[PDB]
Each structure stands twice: as C-alpha cells, then as structure tokens.
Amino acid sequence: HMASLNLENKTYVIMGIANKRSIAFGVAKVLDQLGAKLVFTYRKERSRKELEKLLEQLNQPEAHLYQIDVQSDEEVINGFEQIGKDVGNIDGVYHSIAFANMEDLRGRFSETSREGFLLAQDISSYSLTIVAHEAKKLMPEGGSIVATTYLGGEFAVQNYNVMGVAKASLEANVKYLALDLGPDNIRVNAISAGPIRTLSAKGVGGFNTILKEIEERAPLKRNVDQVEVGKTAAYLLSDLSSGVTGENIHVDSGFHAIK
C-alpha cells in the first residue's frame, strides 16, 4: 500500500495532556485507535494523576509517562534521553504546550511586561526548538514534528495579546525547523486549531463569544473538537503527509479563509 494510516510499529511522544478535554488527548485517542505506541509528557503532578486515569480509556499496554517542564533544558534533555532508553527510536512528536500570565492576557497588549512576553515566548515557541533538537537524537531514519497554533499568530485578534506574538514566533519556528531538519528527513508542521473548550481555555473572558462567532460566520457554521485535530495530526505525523513540511493546516471550519 502507498497510502497507510496503520501506525503499528510507530512510536510518538505526545507533550501537553492535562485532562480529558486537552487537544493533546484528542491526538492520543486517534493515534491509539490506529495502533501507535504512545509516550506522554506532563509538567504538574495533577496532570500525571489524570494521565494514569485516562490511559485506561486507551489500549497502551505500558504507561510510559515522563515529567518535562519545557522551561528546563535539563528536564527536556534527560526526559528524551530516558524515552530513548525505555522505548528506543521514535517516529515523531506532537507539541500541545502554551502558557501566558493572565495579567498580560487581560491587559492592553501595549501594557505587556518584559517577563510575561519572554515567558510566553519561552514555553509557547522556544520549547519546540529544544524538543526538536533532542527528539532528532531518537529519529535517525527521519520523522514528523507537529505543533499546535491559533489564527492569532497570523492576525491581531481581540484578547489573545502576548500569546499572538508567541504563536507568530512558533509558526516561524516551524518554518526554520522545517528548513534545518528537512535534509535529515524530519518534517515540521503546525495545526491552527479553531476554539476548543479545554482546561487552559476555561475561565478566560469572552471565549463563549468566539465559539458563537465561529458557529455563525465560519464556512461550516460549527466548531471543531480535539478528535478533528487528532485526525489532521494522524495525517501530519504519519507518512501520508510525505512531501509536506513548513505547512500550517487550519482545522477551524474555514474561519481562516473568510474576513
């Protein structure tokens, strides 16, 4: 077969599950159903307890969980060396990690703090660069890296503020990584997801406003879910997307195409 979505014999690291609503979990459910071996990474202990509870919903024989705060060079370097020891070589990484201080997001963008801006950049963009460098060690045959972005990296959207500049950074990060790791047969791409109700998104002002605008104005007149992101993640992580790199696929009911 030329075209295949059979991921038995494939191993993927999934960074950024927090609870059942996490986009990264949508990616996990889908990759699991297609028979991939899945390694998971988390920051907080609360995410670990949830992960173990969630793995029962999946068909992963062995829970391989690793604590990686992407703010620490060491936790990232050691985390990936340790994954290499425990499961061997991998076929890709799904990156589902962002953070900004609520103080900066609530503010006017011009009021953003130097510390808040560099924090958003560090977690939401630089993380992908170091994750890529370490994961490359486990992908000598080649593989696929995917990161999660939002329209706010391409256009100034109300309230996204500092995270918009972080996502623009991430999106350019993807392109520079694609050009750098291409000759090593490593593809780097992004999924621009439409708004999804998650732990991160719950209790940020006017999120219900954007959900309703998508239903009313977006071509498909509906919102997307974690599984739809997972399906496009399957395409980008598998060899189905061979010849695609430096690309940004909008899984957003067509909202990106309209004005």
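Residue indices: 1-based, along the sequence shown.
Q: Determine, for stretches 226-234 and 39-47, which one has the higher mean CA B-factor as deposited.
A: According to the PDB entry, the answer is 39-47.
Q: Which has the higher mean CA temperature factor in the PDB entry, 162-170 or 105-113?
A: 105-113 has the higher mean C-alpha B-factor.
Q: Looking at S144, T149, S127, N78, which one carries the largest C-alpha B-factor according to the PDB entry?
A: Within the set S144, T149, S127, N78, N78 shows the top C-alpha B-factor.
Q: Which one of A190, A218, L211, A193 shows the top CA temperature factor in the record?
A: In the PDB entry, the greatest C-alpha B-factor among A190, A218, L211, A193 is found at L211.
Q: In terms of the CA temperature factor given in the entry, to which third of its chain does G92 belong: lowest, middle or highest?
A: Its C-alpha B-factor, which the entry lists for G92, ranks in the middle third among residues of this chain.
Q: By the record's CA B-factor, is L7 among the lowest, middle or highest third of residues in the chain?
A: CA B-factor rank for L7: middle third.
Q: With respect to C-alpha B-factor, does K136 fall in the lowest, middle or highest third of the chain as deposited?
A: For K136, whose C-alpha B-factor we compare with every modelled residue in the chain, the answer is the middle third.
Q: Would the CA B-factor of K20 place it in the lowest, middle or highest third of its chain?
A: Its C-alpha B-factor, which the entry lists for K20, ranks in the highest third among residues of this chain.
Q: By the recorded C-alpha temperature factor, relative to the other modelled residues in its chain, which third is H1 in?
A: Top third by C-alpha B-factor.
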